[PDB]
């Protein structure tokens, strides 16, 4: 029975699993009136990846493939991007997954860079031509259809985008308008429901809330202090995936500890499904030292009563 374990990296040493950003703080909040069902950042404590989760940090909310033309006829700023899997191989729309690995899992206008490196070398050259432009992938568009193998990608530039291999590097959001981090996009477009989903997560013990790892997400414009929350850091996913330690119950009692002073600061439940709950109500700040990290202490039963945070 290989023992379960969690990384000893601090908050300040880890990366958000739902967007390639540093983790700025721990954060909790009531979620009784919404459905927390992210598809990136999903891993069981036994190392099973779920949803669209993959292990390469800069590929989170990235897209890869080629531009094949404009999307439609009536907007010169809109391009049809046929997408592949991150490894460059064809994606099978009938695969029992929501969309290609690392596809964005929220509703919003994602800002980043469209770059291209030509597949062919021109006469008189020794190397392929390149170009890049700022761009937006609107996951609420009816042409956001990654499960079918394509997305519409928009530019402010209106001509210098070729029918060439294309990558989208995510940077942030175009604005806070229409951003809802817990609303899954329609991976197959309009009037088609999503499939292959990692399940929703929620606390059940009275007075518990989900604990999130929160990152502030850049905005291209608008007023806001937008953030995106993940259930576990990307480094925890990489760790569980490698360790594949059996879970002895469905609940791991974990403690947040200051390694210098040895002081345990609070306790929490790491659920087998891959999320944390704490005995906390409200959204007030979580005040913890910088050198702190979670330590696995024991497997407990569903009803273990946590010390209130």
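Numbering follows the first chain given and starts at 1.
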Avg C-alpha B-factor, entry values, 7-15 vs 296-304, higher side is 296-304
Stretch with higher mean Cα temperature factor, 170-178 vs 100-108, is 170-178
Highest CA B factor of 199, 218, 233, 222, as deposited, is found at 222
The largest CA temperature factor among 150, 85, 94, 226 is found at 94
Tertile call for residue 40 (CA temperature factor, within chain, third-based) is the lowest
Assert third(CA B-factor, residue 64) within chain per record equals middle
Entry-reported C-alpha B-factor of residue 290 relative to its chain, by third, is highest
Among the modelled residues of its chain, the C-alpha B-factor of residue 272 falls in the third labelled middle
Tertile call for residue 132 (CA temperature factor, within chain, third-based) is the middle
